[PDB]
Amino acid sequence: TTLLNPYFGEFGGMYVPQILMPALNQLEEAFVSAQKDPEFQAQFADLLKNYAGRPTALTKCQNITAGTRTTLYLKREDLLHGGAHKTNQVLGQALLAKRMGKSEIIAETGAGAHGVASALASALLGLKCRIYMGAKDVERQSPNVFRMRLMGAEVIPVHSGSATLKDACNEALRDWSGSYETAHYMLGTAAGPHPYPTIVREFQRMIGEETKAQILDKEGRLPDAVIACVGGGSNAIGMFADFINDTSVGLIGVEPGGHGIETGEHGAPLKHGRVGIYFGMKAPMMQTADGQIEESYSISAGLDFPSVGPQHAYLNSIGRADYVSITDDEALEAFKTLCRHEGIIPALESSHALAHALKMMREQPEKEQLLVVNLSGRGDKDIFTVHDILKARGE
């Protein structure tokens, strides 16, 4: 029994051990109550504006579209406190944790951006925060391990499996199943068991609401398409949500193509996996023929996840949203292009969305199109990884 629909068509649900159902039901009830509570909404709004810095800018990127009929805007979640869109919904979930009387926070992280966001919100709001992070991601995203520990969070390296985001997710859930009376699991994406895909969307939807108002003010019309990278789904559904009923607006999600879809070393389950049950949800999975969950791959730790949130699987199934992939090398070019020609250093995750927008422009340069890319984070955490790659290329 739930208050809200746990499914998006055939996708979603609550595939957790029985022990965790009271925790999910409590979270759902607290969310439904808080969404009706003017005091909660005002606290949340206060934090978003005066602490995180909302609304974020919408930047018109003129150099990189020169000589084409593409107009490209970047929604600047890289300017949010913490450096990524992850901060938005962490502030709301932390308020939910306090509303439920939890004193501790469990969080997974791969890009370390959700870990940093969870740690900063816990420091602000008086919660004891512990972060699970794959040992591989500890290294390739180390500037954030430094940030998290300075803010008082416990950071726990995970060496199991691929030593990346999937494995951190596993240990966060294992931990929560034995600590849920005192710890809230601050899941970092629009995936997992209900109610997380719903809560995370509603606590990210200001991205698209602001974008819509900003595009209308500057261009007098809706975008032709909005474009976002898809690791678990949160920045993309945050951008998409307010446009879903505007049927003229394309919704384009970009999965990581890794070394190339044909190599199997990618993170693109929505278009190249098949439906399965894992991480509390029925959703597209990278899996073996036998039903073992695969390991994913991406140059970008934040997209290195072998599943995807159920609302994206649904929006794809009905044709409302379209999903594509972008390889490591395509993402790296877009990263370089934004640094050099717009003076913005993007997260490698966000660079996948940018790369697809640049492809849309370059492939049809005389096509008139008004596009928005969700620039979900800044790239400071990536500058060392990008350095080592271009050095090994002789660049």
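Numbers for residues come from their place in the sequence shown, where the first is 1.
314-322 and 130-138 differ in mean CA B-factor, and the higher of the two is recorded for 130-138.
Stretches 100-108 and 248-256 differ in mean CA B factor, with 100-108 having the higher one.
Note on the listed residues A163, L72, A268, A191: the highest Cα temperature factor in the record is that of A163. Across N88, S177, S234, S298, the greatest Cα temperature factor reported in the deposited entry is at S177. In this PDB entry, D328 carries a Cα temperature factor that places it within the lowest third of its chain's modelled residues. Sort the modelled residues of the chain by CA B factor and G280 lands in the middle third. Sort the modelled residues of the chain by CA B factor and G152 lands in the highest third. When the CA B factors of the chain's modelled residues are split into thirds, the value for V145 lands in the highest one. Sort the modelled residues of the chain by CA B factor and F335 lands in the lowest third.
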